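Student: Please read through the structure below; I'll follow up with questions.
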Amino acid sequence: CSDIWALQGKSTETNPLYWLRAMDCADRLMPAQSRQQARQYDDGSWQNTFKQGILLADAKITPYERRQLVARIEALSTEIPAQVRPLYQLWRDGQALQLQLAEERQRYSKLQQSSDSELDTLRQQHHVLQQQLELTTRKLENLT
Amino acid sequence: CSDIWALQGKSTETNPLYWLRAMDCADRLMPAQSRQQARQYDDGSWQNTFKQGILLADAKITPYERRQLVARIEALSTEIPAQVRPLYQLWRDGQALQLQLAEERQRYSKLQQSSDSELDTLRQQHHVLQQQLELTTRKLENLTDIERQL
């Protein structure tokens, strides 16, 4: 695997088996090791953005890190060699769906947060208003 | 693309470029085309069921149906050749995330539905009790002004 990460050249870029082996090899990595190794592949070329993304995707990233990753992955779609596009697309679909799932979960937290607090606020009012009604009914009886 | 689905044998089942091209050819199909082709690969072998999952995954199917497809090929997943395995785990996790997203959208609909209805009953109770309190409060004050002046 050590050599798979090092390989460069038109022969390997355009070969879907090279990229499949890289994705296979990233899986064998402890997530801290994946994150650390991704840091090397930052020359901004499309070959290196794809390697870095492949490594970062096993690295246990925050939703915000994935948002940026999927943005970078999509950016370079016009440079993906034709014969590599199916593999790239399936791997990218995987990152986008994991990104949608973090988003839906965030949507579900905002609903639960806001609806539960407006619920609790209503019950606060249902007690304050209730007490006021009774007190008022009391002053009406103790009218002279 | 039309020939690609017919192929069989060890030289192609162990072949990740074969299955990549098949994943690409599936995209070119419309759902009716997609379901018609899947019907032709039903025997239950892992090749045929991996073929059916690939064709139907994007054929406008239901989550229950998607779950059924994935379980059929998952039950046979120990058989997938070494060279195809990382391609399979890629394709299964895609299907698996789709299943999670449908579960999460249902869970969300539920909470929206249930909190909404609980939010409407309590908001109505709040308005009604407000009007009760306004009426009793103006009555108290009307009677207080009278006694005060008397």
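The chains in the structure tokens are called A, B, ... from first to last as shown; in each chain the residues are counted from 1, and the ligands are counted from 1 in the order shown.
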Find the residues near residue 23 (chain B): any atom within 8 Å, counting only C-alpha atoms, skip ones fewer than 2 places away on the same chain, and give them as an MDAnalysis selection string.
Tutor: (chainID A and resid 86) or (chainID B and resid 19:21 25:27 54:55)
Student: Could the residues in this selection be saved with N, CA, C and O atoms as a PDB file, in the first residue's frame?
Tutor:
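Heads up, here's the output in selection02.pdb:
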ATOM      1  N   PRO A  86     -16.978   6.258 -13.484  1.00  0.00           N
ATOM      2  CA  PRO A  86     -17.916   5.438 -12.690  1.00  0.00           C
ATOM      3  C   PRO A  86     -17.477   5.211 -11.251  1.00  0.00           C
ATOM      4  O   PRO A  86     -18.302   5.331 -10.333  1.00  0.00           O
TER       5      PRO A  86
ATOM      6  N   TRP B  19     -17.732  -4.917 -13.579  1.00  0.00           N
ATOM      7  CA  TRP B  19     -18.820  -4.414 -12.753  1.00  0.00           C
ATOM      8  C   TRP B  19     -18.866  -2.889 -12.765  1.00  0.00           C
ATOM      9  O   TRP B  19     -19.954  -2.312 -12.682  1.00  0.00           O
ATOM     10  N   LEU B  20     -17.720  -2.214 -12.919  1.00  0.00           N
ATOM     11  CA  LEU B  20     -17.782  -0.759 -13.081  1.00  0.00           C
ATOM     12  C   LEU B  20     -18.557  -0.380 -14.329  1.00  0.00           C
ATOM     13  O   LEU B  20     -19.400   0.523 -14.288  1.00  0.00           O
ATOM     14  N   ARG B  21     -18.277  -1.052 -15.457  1.00  0.00           N
ATOM     15  CA  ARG B  21     -18.987  -0.720 -16.684  1.00  0.00           C
ATOM     16  C   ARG B  21     -20.469  -1.022 -16.525  1.00  0.00           C
ATOM     17  O   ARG B  21     -21.321  -0.268 -17.000  1.00  0.00           O
ATOM     18  N   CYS B  25     -23.475   1.390 -17.225  1.00  0.00           N
ATOM     19  CA  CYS B  25     -24.587   1.094 -18.125  1.00  0.00           C
ATOM     20  C   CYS B  25     -25.952   1.215 -17.441  1.00  0.00           C
ATOM     21  O   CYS B  25     -26.919   1.613 -18.092  1.00  0.00           O
ATOM     22  N   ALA B  26     -26.062   0.873 -16.145  1.00  0.00           N
ATOM     23  CA  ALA B  26     -27.346   0.999 -15.446  1.00  0.00           C
ATOM     24  C   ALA B  26     -27.846   2.438 -15.449  1.00  0.00           C
ATOM     25  O   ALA B  26     -29.044   2.685 -15.622  1.00  0.00           O
ATOM     26  N   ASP B  27     -26.943   3.398 -15.238  1.00  0.00           N
ATOM     27  CA  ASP B  27     -27.305   4.813 -15.303  1.00  0.00           C
ATOM     28  C   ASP B  27     -27.966   5.197 -16.625  1.00  0.00           C
ATOM     29  O   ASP B  27     -28.815   6.089 -16.652  1.00  0.00           O
ATOM     30  N   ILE B  54     -27.816  -3.792  -8.960  1.00  0.00           N
ATOM     31  CA  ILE B  54     -27.231  -2.678  -9.685  1.00  0.00           C
ATOM     32  C   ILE B  54     -28.261  -2.039 -10.618  1.00  0.00           C
ATOM     33  O   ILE B  54     -28.361  -0.804 -10.711  1.00  0.00           O
ATOM     34  N   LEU B  55     -29.064  -2.862 -11.297  1.00  0.00           N
ATOM     35  CA  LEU B  55     -30.066  -2.319 -12.214  1.00  0.00           C
ATOM     36  C   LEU B  55     -31.173  -1.573 -11.462  1.00  0.00           C
ATOM     37  O   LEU B  55     -31.571  -0.472 -11.864  1.00  0.00           O
TER      38      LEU B  55
END
Student: Residues near region 87-104 of chain A, anyone? I mean within 10 Å using only C-alpha atoms, not counting same-chain ones fewer than 3 positions away, as a ChimeraX atom specification.
Tutor: /A:16-17,19-20,23,50,53-54,57,62-67,69-71,73-74,77,80-84,107-110 /B:16-17,20-21,23-24,87,90-98,100-102,104-105,108
Student: Those residues with N, CA and C atoms, as a compact mmCIF listing (two decimals), in the first residue's frame please?
Tutor:
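Okay, this is what ended up in result.txt:
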# COMPACT_ATOMS: atom_id res chain seq x y z
N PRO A 16 -8.75 2.32 -13.13
CA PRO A 16 -9.68 2.25 -11.99
C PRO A 16 -9.24 1.27 -10.93
N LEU A 17 -8.38 0.31 -11.28
CA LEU A 17 -7.79 -0.58 -10.28
C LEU A 17 -6.81 0.13 -9.36
N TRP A 19 -7.15 3.19 -8.31
CA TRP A 19 -7.96 3.96 -7.39
C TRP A 19 -8.74 3.05 -6.47
N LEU A 20 -9.15 1.89 -6.97
CA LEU A 20 -9.82 0.94 -6.10
C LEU A 20 -8.87 0.42 -5.04
N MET A 23 -8.53 3.11 -2.39
CA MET A 23 -9.68 3.09 -1.49
C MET A 23 -9.66 1.87 -0.60
N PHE A 50 -7.96 13.94 -4.80
CA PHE A 50 -8.71 12.69 -4.75
C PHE A 50 -8.09 11.73 -3.72
N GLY A 53 -8.95 13.18 -0.24
CA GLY A 53 -10.34 12.90 0.04
C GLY A 53 -10.56 11.44 0.40
N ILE A 54 -9.98 10.53 -0.40
CA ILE A 54 -10.06 9.10 -0.09
C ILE A 54 -9.57 8.82 1.33
N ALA A 57 -11.90 10.48 4.14
CA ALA A 57 -13.21 9.84 4.23
C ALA A 57 -13.24 8.68 5.21
N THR A 62 -15.78 15.86 11.02
CA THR A 62 -17.00 16.58 11.33
C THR A 62 -17.85 16.79 10.07
N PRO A 63 -19.16 17.03 10.25
CA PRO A 63 -20.02 17.41 9.11
C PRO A 63 -19.49 18.57 8.30
N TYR A 64 -18.81 19.52 8.94
CA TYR A 64 -18.31 20.68 8.21
C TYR A 64 -17.09 20.32 7.38
N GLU A 65 -16.26 19.42 7.90
CA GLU A 65 -15.15 18.94 7.11
C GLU A 65 -15.68 18.17 5.89
N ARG A 66 -16.75 17.39 6.06
CA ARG A 66 -17.28 16.66 4.91
C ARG A 66 -17.89 17.60 3.88
N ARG A 67 -18.59 18.64 4.33
CA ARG A 67 -19.13 19.63 3.40
C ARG A 67 -18.04 20.18 2.48
N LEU A 69 -15.11 18.77 1.93
CA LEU A 69 -14.54 17.67 1.15
C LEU A 69 -15.38 17.42 -0.11
N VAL A 70 -16.69 17.24 0.06
CA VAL A 70 -17.57 17.02 -1.08
C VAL A 70 -17.49 18.20 -2.07
N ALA A 71 -17.38 19.43 -1.56
CA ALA A 71 -17.16 20.58 -2.46
C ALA A 71 -15.89 20.39 -3.27
N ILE A 73 -14.34 17.55 -3.91
CA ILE A 73 -14.47 16.37 -4.76
C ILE A 73 -15.25 16.71 -6.02
N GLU A 74 -16.38 17.41 -5.86
CA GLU A 74 -17.15 17.86 -7.01
C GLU A 74 -16.36 18.81 -7.91
N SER A 77 -14.47 17.33 -11.05
CA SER A 77 -15.12 16.27 -11.80
C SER A 77 -14.75 16.31 -13.27
N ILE A 80 -11.65 14.10 -14.12
CA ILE A 80 -11.57 12.66 -13.84
C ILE A 80 -11.51 11.92 -15.18
N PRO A 81 -10.50 11.07 -15.41
CA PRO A 81 -10.43 10.35 -16.69
C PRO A 81 -11.72 9.57 -16.89
N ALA A 82 -12.12 9.47 -18.16
CA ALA A 82 -13.42 8.87 -18.47
C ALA A 82 -13.53 7.48 -17.86
N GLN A 83 -12.50 6.65 -18.03
CA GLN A 83 -12.58 5.27 -17.57
C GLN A 83 -12.62 5.17 -16.05
N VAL A 84 -12.22 6.23 -15.34
CA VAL A 84 -12.30 6.32 -13.88
C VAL A 84 -13.61 6.94 -13.39
N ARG A 107 -31.32 18.86 10.91
CA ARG A 107 -32.70 19.30 10.77
C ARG A 107 -33.56 18.75 11.89
N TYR A 108 -33.41 17.46 12.20
CA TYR A 108 -34.17 16.80 13.26
C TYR A 108 -33.84 17.37 14.64
N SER A 109 -32.61 17.85 14.84
CA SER A 109 -32.29 18.46 16.13
C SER A 109 -32.92 19.84 16.26
N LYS A 110 -32.98 20.61 15.18
CA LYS A 110 -33.56 21.94 15.29
C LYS A 110 -35.06 21.86 15.54
N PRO B 16 -13.34 -6.28 -11.66
CA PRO B 16 -13.96 -5.03 -11.21
C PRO B 16 -14.22 -4.04 -12.34
N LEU B 17 -13.46 -4.09 -13.42
CA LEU B 17 -13.79 -3.21 -14.52
C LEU B 17 -15.10 -3.63 -15.17
N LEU B 20 -17.72 -2.21 -12.92
CA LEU B 20 -17.78 -0.76 -13.08
C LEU B 20 -18.56 -0.38 -14.33
N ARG B 21 -18.28 -1.05 -15.46
CA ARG B 21 -18.99 -0.72 -16.68
C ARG B 21 -20.47 -1.02 -16.53
N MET B 23 -22.18 -0.82 -13.68
CA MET B 23 -22.74 0.30 -12.92
C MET B 23 -22.97 1.51 -13.81
N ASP B 24 -22.07 1.73 -14.76
CA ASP B 24 -22.24 2.84 -15.68
C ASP B 24 -23.41 2.59 -16.64
N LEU B 87 -15.19 -2.94 -4.43
CA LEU B 87 -16.24 -2.35 -5.25
C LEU B 87 -17.62 -2.65 -4.66
N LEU B 90 -18.31 -0.50 -1.49
CA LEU B 90 -18.70 0.82 -1.98
C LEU B 90 -20.17 0.83 -2.37
N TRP B 91 -20.58 -0.13 -3.19
CA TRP B 91 -21.94 -0.06 -3.69
C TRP B 91 -22.95 -0.40 -2.60
N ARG B 92 -22.58 -1.26 -1.65
CA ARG B 92 -23.52 -1.57 -0.58
C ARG B 92 -23.68 -0.39 0.36
N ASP B 93 -22.60 0.33 0.66
CA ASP B 93 -22.73 1.43 1.61
C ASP B 93 -23.60 2.55 1.04
N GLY B 94 -23.51 2.78 -0.28
CA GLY B 94 -24.43 3.69 -0.92
C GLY B 94 -25.88 3.31 -0.68
N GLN B 95 -26.22 2.04 -0.96
CA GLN B 95 -27.57 1.55 -0.70
C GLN B 95 -27.90 1.64 0.78
N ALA B 96 -26.94 1.32 1.64
CA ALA B 96 -27.17 1.34 3.08
C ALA B 96 -27.45 2.76 3.58
N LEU B 97 -26.76 3.77 3.04
CA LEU B 97 -27.03 5.15 3.44
C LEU B 97 -28.40 5.61 2.95
N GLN B 98 -28.79 5.20 1.74
CA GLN B 98 -30.14 5.48 1.24
C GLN B 98 -31.19 4.94 2.19
N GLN B 100 -30.82 4.44 5.40
CA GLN B 100 -30.80 5.27 6.60
C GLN B 100 -31.52 6.58 6.36
N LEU B 101 -31.34 7.16 5.17
CA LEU B 101 -31.96 8.45 4.89
C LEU B 101 -33.48 8.33 4.86
N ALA B 102 -34.00 7.24 4.29
CA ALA B 102 -35.45 7.02 4.30
C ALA B 102 -35.97 6.82 5.72
N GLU B 104 -34.65 8.11 8.41
CA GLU B 104 -34.56 9.43 9.04
C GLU B 104 -35.61 10.40 8.53
N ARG B 105 -35.99 10.30 7.26
CA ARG B 105 -37.04 11.18 6.79
C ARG B 105 -38.40 10.77 7.36
N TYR B 108 -38.47 11.99 10.90
CA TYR B 108 -38.68 13.43 10.92
C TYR B 108 -40.15 13.76 10.68
Student: For residue 126 (chain B), list every protein, DNA or RNA residue within 10 Å, evaluated using only C-alpha atoms, and leave out those in the same chain fewer than 2 positions away; present the list as number ranges by chain.
Tutor: A: 122-123, 125-126, 129-130; B: 120-124, 128-131
Student: Between CA of residue 77 (chain B) and CA of residue 49 (chain B), what is the distance in Å, rounded to a tenth?
Tutor: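 According to the coordinates, CA of residue 77 (chain B) and CA of residue 49 (chain B) are separated by 10.5 Å.
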Student: If we count only C-alpha atoms, what is near residue 41 (chain A) at a cut-off of 10 Å, once residues fewer than 6 positions away on the same chain are taken out, given as a compact mmCIF listing (two decimals) with N, CA and C atoms, in the first residue's frame?
Tutor:
# COMPACT_ATOMS: atom_id res chain seq x y z
N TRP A 5 0.27 4.80 -2.56
CA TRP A 5 0.16 6.23 -2.31
C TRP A 5 1.22 7.03 -3.05
N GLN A 47 -5.21 14.77 -8.86
CA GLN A 47 -4.75 13.48 -8.34
C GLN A 47 -4.60 13.53 -6.83
N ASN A 48 -4.07 14.63 -6.30
CA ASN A 48 -3.80 14.74 -4.87
C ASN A 48 -5.04 15.10 -4.07
N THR A 49 -5.97 15.85 -4.67
CA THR A 49 -7.23 16.11 -3.98
C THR A 49 -8.06 14.84 -3.82
N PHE A 50 -7.96 13.94 -4.80
CA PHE A 50 -8.71 12.69 -4.75
C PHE A 50 -8.09 11.73 -3.72
N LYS A 51 -6.76 11.61 -3.70
CA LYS A 51 -6.09 10.82 -2.66
C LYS A 51 -6.42 11.33 -1.25
N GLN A 52 -6.27 12.63 -1.03
CA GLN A 52 -6.57 13.23 0.27
C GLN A 52 -8.01 12.96 0.68
N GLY A 53 -8.95 13.18 -0.24
CA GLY A 53 -10.34 12.90 0.04
C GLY A 53 -10.56 11.44 0.40
N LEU A 55 -8.48 9.47 1.76
CA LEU A 55 -7.95 9.19 3.09
C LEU A 55 -8.81 9.84 4.18
Student: Could you state the separation of CA of residue 119 (chain B) and CA of residue 116 (chain A) in Å, given to one decimal place?
Tutor: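 Atom-to-atom, CA of residue 119 (chain B) to CA of residue 116 (chain A), that is 9.4 Å.
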Student: Could you check which of B:145, B:58, B:47, B:86 is closest to chain A, using only C-alpha atoms?
Tutor: B:86
Student: Give me, as a list in words, all polymer residues having an atom no more than 12 Å from residue 138 (chain A), counting only C-alpha atoms and skipping those fewer than 4 positions away in the same chain.
Tutor: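 Everything that qualifies: residues 131, 132, 133, 134, 142 and 143 of chain A; 136, 137 and 140 of chain B.
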Student: For the residues in the current selection, export C-alpha atoms as a PDB file, in the first residue's frame.
Tutor:
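Wrote it out as again_2.pdb, contents follow:
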ATOM      1  CA  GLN A 131     -53.122  31.008  38.513  1.00  0.00           C
ATOM      2  CA  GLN A 132     -54.156  34.499  37.373  1.00  0.00           C
ATOM      3  CA  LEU A 133     -57.630  33.248  36.467  1.00  0.00           C
ATOM      4  CA  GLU A 134     -58.152  31.700  39.897  1.00  0.00           C
ATOM      5  CA  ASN A 142     -64.143  38.911  48.090  1.00  0.00           C
ATOM      6  CA  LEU A 143     -65.652  41.961  46.437  1.00  0.00           C
TER       7      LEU A 143
ATOM      8  CA  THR B 136     -63.077  38.084  34.154  1.00  0.00           C
ATOM      9  CA  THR B 137     -60.403  40.786  34.518  1.00  0.00           C
ATOM     10  CA  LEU B 140     -63.404  42.567  38.257  1.00  0.00           C
TER      11      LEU B 140
END
Student: Excluding residue 59 (chain A) and its own-chain neighbours fewer than 5 positions away, which residues fall within 7 Å of it when counting only C-alpha atoms? Please give them as a VMD selection string.
Tutor: chain A and resid 31 to 32 34 to 35
Student: Rounded to one decimal, what separation in Å do you get between CA of residue 56 (chain B) and CA of residue 36 (chain B)?
Tutor: 9.7 Å
